[PDB]
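Have a look at the structure below, then the notes.
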Amino acid sequence: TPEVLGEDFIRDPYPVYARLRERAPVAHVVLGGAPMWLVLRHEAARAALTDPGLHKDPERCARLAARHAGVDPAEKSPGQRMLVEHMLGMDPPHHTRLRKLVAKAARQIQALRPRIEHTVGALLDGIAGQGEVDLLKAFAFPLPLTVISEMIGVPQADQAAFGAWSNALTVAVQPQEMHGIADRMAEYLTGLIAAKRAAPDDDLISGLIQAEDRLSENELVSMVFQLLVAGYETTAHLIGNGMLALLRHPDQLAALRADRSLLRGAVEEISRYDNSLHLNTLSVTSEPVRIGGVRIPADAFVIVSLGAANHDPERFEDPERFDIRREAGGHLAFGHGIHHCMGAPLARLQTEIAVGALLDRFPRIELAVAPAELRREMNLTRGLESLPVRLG
Ligand code: HEM
């Protein structure tokens, strides 16, 4: 019998991961009305992330997912193509080409730090004296929006409105509204490319065009999109997940206040504890695969649980405990294998420089509501909806 996963799972997963982790390293679950297999233990997850039998063909996925519901029916619109023609929806040998090209774009790697520190201080200089504030909508969500945007070259006057469409496509559930919102951005993210094919500047759009092979408009849009959205939501959610733990456990907060030698290691324990992504990109199966010692059939969905793996009592000690002073090296929070977050270095830098600056200016940073008045959203992205901190 396939176990069913409900609204309770979405909000509070890590208990469920722990109940099923002891039973077996992989489980048969029902997430989204879709029977899939869930990889929970650390080694099993590492291995499922290094196996070619797990294919990321969104084309095959959608048709297979519609068949569970019975609805068995094209002109793929711009926005439909934007959502499915990025690295994460592609398998080798075609993934290798794309990842080469996007990495070939530039010493823009350096000077990323100055930008972050600048925009951090700008954001922080605005909330000073404002008493109680929502840290998420004033520091966390504003920062990566400004950081990733200036890398891609999204003009300042256009940055914020792109964040709303990002946020809405995240909150949106129905396919219709998604494809509609996506067609909206896809057009803007085409003039933005077009301006830069005529005005080569010092941004990542200009350099993605300039990279033999080249990246087609199809993949230039798709890549400029994926870097924008995934470097906005998941980055900004890691900050807010991390600060909730840094405010929920106060003893460690003050250790980090005096000793900035802990700043580096804490970021790893933030990613390890509550990561913004506790789940893999779905992947279907071309052939029968053996992961965790359990046979997974062909034409069957497989997701890897990055949360349960990070919380496996074999890999880590008291895996459900926030200790900024742990050998947390080895987390699967940024993925493993051919995929693996290309922009993980930027996520660590943002959080590292963010958390330090918050503690620097504000030594009375504290939560202004009971931990009970805080509520998490119904997304596979572990979010908080609100973080009402009380600076002092
Ligand atoms: C704290 C922030 C982030 C976390 C926790 C995170 C996590 C992940 C994970 C787990 C994957 C692999 C998914 C899978 O294999 O199913 C991934 C992929 C990816 N991420 Fe991130 N990510 C973060 C931020 C970013 C940022 C800021 C960027 C900026 C460009 C980015 C760009 C990418 C790309 C391009 C891939 C595709 C990997 C591939 O297909 O080869 N991510 N991310």
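Ligands are numbered from 1 in the order shown, chains are lettered A, B, ... in the order of the structure tokens, and residues start at 1 in each chain.
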
| task | Compute the set of protein, DNA and RNA residues whose minimum atom distance to ligand 1 is at most 7 Å, using only C-alpha atoms and all ligand atoms, and state it as a count of residues only. | result | 33

message = Could you list, as a count of residues only, every residue within 10 Å of stretch 113-128 of chain A, counting only C-alpha atoms and ignoring same-chain residues fewer than 2 positions away?
response = 33

* Find the spatial neighbours of residue A:63, counting only C-alpha atoms, within a cut-off of 8 Å - ignore same-chain residues fewer than 4 positions away - and output them as a ChimeraX atom specification. => /A:59,67,72

File of the preceding selection, N, CA, C and O atoms, as a short mmCIF file (atom, residue, chain, number, x, y, z; two decimals), in the first residue's frame:
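Heads up, here's the output in out04.cif:
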data_model
loop_
_atom_site.label_atom_id
_atom_site.label_comp_id
_atom_site.auth_asym_id
_atom_site.auth_seq_id
_atom_site.Cartn_x
_atom_site.Cartn_y
_atom_site.Cartn_z
N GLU A 59 9.23 16.16 -20.18
CA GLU A 59 8.31 15.70 -21.21
C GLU A 59 7.69 14.36 -20.83
O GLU A 59 6.46 14.22 -20.78
N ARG A 67 -1.42 10.50 -16.69
CA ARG A 67 -2.06 9.19 -16.84
C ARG A 67 -2.57 8.64 -15.51
O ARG A 67 -3.52 7.85 -15.50
N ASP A 72 -5.83 11.79 -20.77
CA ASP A 72 -4.86 11.47 -21.83
C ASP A 72 -5.24 12.18 -23.12
O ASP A 72 -5.99 11.62 -23.94
#

- prompt: Can you tell me, as JSON, numbers by chain, what residues are no more than 12 Å from residue A:8 when counting only C-alpha atoms, ignoring any on the same chain fewer than 6 positions away?
  reply: {"A": [14, 15, 16, 31, 376, 377, 378, 379, 380]}

Write a file of the just-selected residues containing N, CA, C and O atoms, as a PDB file, in the first residue's frame.
ATOM      1  N   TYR A  14      10.172  16.513   8.314  1.00  0.00           N
ATOM      2  CA  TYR A  14      11.230  15.756   8.997  1.00  0.00           C
ATOM      3  C   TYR A  14      10.776  14.709  10.018  1.00  0.00           C
ATOM      4  O   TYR A  14      11.519  13.731  10.207  1.00  0.00           O
ATOM      5  N   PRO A  15       9.628  14.833  10.711  1.00  0.00           N
ATOM      6  CA  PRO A  15       9.088  13.658  11.433  1.00  0.00           C
ATOM      7  C   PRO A  15       8.771  12.485  10.530  1.00  0.00           C
ATOM      8  O   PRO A  15       9.139  11.350  10.831  1.00  0.00           O
ATOM      9  N   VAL A  16       8.096  12.740   9.416  1.00  0.00           N
ATOM     10  CA  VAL A  16       7.720  11.667   8.502  1.00  0.00           C
ATOM     11  C   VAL A  16       8.965  11.024   7.893  1.00  0.00           C
ATOM     12  O   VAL A  16       9.011   9.805   7.680  1.00  0.00           O
ATOM     13  N   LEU A  31       2.878  11.547  -3.320  1.00  0.00           N
ATOM     14  CA  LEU A  31       2.992  12.987  -3.217  1.00  0.00           C
ATOM     15  C   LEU A  31       2.423  13.608  -4.487  1.00  0.00           C
ATOM     16  O   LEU A  31       2.923  13.350  -5.586  1.00  0.00           O
ATOM     17  N   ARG A 376       4.246  27.966   8.539  1.00  0.00           N
ATOM     18  CA  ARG A 376       4.957  27.610   7.326  1.00  0.00           C
ATOM     19  C   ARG A 376       3.989  27.385   6.175  1.00  0.00           C
ATOM     20  O   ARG A 376       2.833  27.002   6.371  1.00  0.00           O
ATOM     21  N   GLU A 377       4.470  27.642   4.968  1.00  0.00           N
ATOM     22  CA  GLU A 377       3.615  27.617   3.801  1.00  0.00           C
ATOM     23  C   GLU A 377       3.449  26.192   3.266  1.00  0.00           C
ATOM     24  O   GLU A 377       4.161  25.266   3.663  1.00  0.00           O
ATOM     25  N   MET A 378       2.467  26.033   2.367  1.00  0.00           N
ATOM     26  CA  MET A 378       2.179  24.764   1.684  1.00  0.00           C
ATOM     27  C   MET A 378       2.884  24.685   0.325  1.00  0.00           C
ATOM     28  O   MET A 378       2.268  24.619  -0.746  1.00  0.00           O
ATOM     29  N   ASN A 379       4.215  24.670   0.391  1.00  0.00           N
ATOM     30  CA  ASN A 379       5.071  24.487  -0.770  1.00  0.00           C
ATOM     31  C   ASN A 379       6.094  23.407  -0.462  1.00  0.00           C
ATOM     32  O   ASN A 379       6.442  23.170   0.693  1.00  0.00           O
ATOM     33  N   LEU A 380       6.575  22.746  -1.508  1.00  0.00           N
ATOM     34  CA  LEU A 380       7.680  21.828  -1.284  1.00  0.00           C
ATOM     35  C   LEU A 380       8.952  22.558  -0.894  1.00  0.00           C
ATOM     36  O   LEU A 380       9.935  21.911  -0.523  1.00  0.00           O
TER      37      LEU A 380
END

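Considering only C-alpha atoms, the residue among A:306, A:254, A:367, A:145 positioned nearest to residue A:49 is A:306.
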
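When atom CA of residue A:203 is paired with atom CA of residue A:76, their separation reads 29.1 Å.
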
Q. Near residue A:268, within 10 Å and counting only C-alpha atoms, which residues show up once chain neighbours fewer than 4 positions away are dropped, as a list in words?
A. residues 263, 264, 272, 273, 275, 324, 325, 326, 327, 328, 329, 330, 331, 333, 348 and 352 of chain A

With distances taken over only C-alpha atoms, the candidate from A:152, A:68, A:23, A:92 nearest residue A:112 is A:152

Can you list, as a ChimeraX atom specification, every residue of stretch 139-365 of chain A that DSSP puts in strand (DSSP E or B)?
-> /A:277,279,283-285,289-291,294-296,301-305

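If only C-alpha atoms are the atoms counted, then among A:55, A:60, A:95, A:179 the closest residue to residue A:287 is A:55.
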
**Q.** All residues 7 Å or closer to stretch 186-198 of chain A, only C-alpha atoms, same chain fewer than 5 positions away omitted, as an MDAnalysis selection string
**A.** chainID A and resid 78:79 82 205:206 209 221

If you count only C-alpha atoms, the residue of A:215, A:246, A:45, A:169 closest to residue A:98 turns out to be A:215

Step one, run DSSP on the backbone; step two, keep only residues of stretch 79-307 of chain A assigned to helix (DSSP H, G or I); then write them as a count of residues only.
152

What separates atom CA of residue A:53 and atom CA of residue A:96 is a distance of 16.7 Å

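Reported to one decimal place, the separation of atom CA of residue A:389 from atom CA of residue A:258 is 20.7 Å.
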
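Around stretch 174-176 of chain A, within 12 Å and counting only C-alpha atoms, the residues found are residues 62, 77, 79, 80, 83, 168, 182 and 183 of chain A, once anything fewer than 6 positions away on its own chain is removed.
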
For the residues in that selection, give me N, CA, C and O atoms as a PDB file, in the first residue's frame.
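Wrote selection08.pdb, looks like this:
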ATOM      1  N   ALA A  62       5.396  14.739 -17.365  1.00  0.00           N
ATOM      2  CA  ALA A  62       4.054  15.311 -17.382  1.00  0.00           C
ATOM      3  C   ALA A  62       3.031  14.323 -17.951  1.00  0.00           C
ATOM      4  O   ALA A  62       1.943  14.154 -17.387  1.00  0.00           O
ATOM      5  N   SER A  77       4.027  27.093 -25.853  1.00  0.00           N
ATOM      6  CA  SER A  77       4.197  28.536 -25.697  1.00  0.00           C
ATOM      7  C   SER A  77       5.597  28.891 -25.182  1.00  0.00           C
ATOM      8  O   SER A  77       6.350  28.026 -24.716  1.00  0.00           O
ATOM      9  N   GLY A  79       6.522  30.490 -22.478  1.00  0.00           N
ATOM     10  CA  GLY A  79       6.644  30.217 -21.054  1.00  0.00           C
ATOM     11  C   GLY A  79       6.650  28.738 -20.735  1.00  0.00           C
ATOM     12  O   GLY A  79       7.307  28.310 -19.780  1.00  0.00           O
ATOM     13  N   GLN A  80       5.927  27.935 -21.512  1.00  0.00           N
ATOM     14  CA  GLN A  80       6.002  26.496 -21.293  1.00  0.00           C
ATOM     15  C   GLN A  80       7.402  25.980 -21.593  1.00  0.00           C
ATOM     16  O   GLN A  80       7.954  25.168 -20.839  1.00  0.00           O
ATOM     17  N   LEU A  83      10.157  26.818 -18.869  1.00  0.00           N
ATOM     18  CA  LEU A  83      10.127  26.042 -17.641  1.00  0.00           C
ATOM     19  C   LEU A  83      10.725  24.655 -17.785  1.00  0.00           C
ATOM     20  O   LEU A  83      10.977  24.008 -16.768  1.00  0.00           O
ATOM     21  N   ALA A 168       4.740  34.780  -7.387  1.00  0.00           N
ATOM     22  CA  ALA A 168       3.411  34.296  -7.722  1.00  0.00           C
ATOM     23  C   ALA A 168       3.474  32.936  -8.422  1.00  0.00           C
ATOM     24  O   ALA A 168       2.687  32.039  -8.101  1.00  0.00           O
ATOM     25  N   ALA A 182       4.319  32.603 -16.800  1.00  0.00           N
ATOM     26  CA  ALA A 182       5.598  32.301 -17.421  1.00  0.00           C
ATOM     27  C   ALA A 182       5.720  32.958 -18.788  1.00  0.00           C
ATOM     28  O   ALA A 182       6.787  33.478 -19.134  1.00  0.00           O
ATOM     29  N   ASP A 183       4.650  32.927 -19.587  1.00  0.00           N
ATOM     30  CA  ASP A 183       4.658  33.666 -20.850  1.00  0.00           C
ATOM     31  C   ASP A 183       4.928  35.146 -20.626  1.00  0.00           C
ATOM     32  O   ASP A 183       5.610  35.785 -21.438  1.00  0.00           O
TER      33      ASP A 183
END
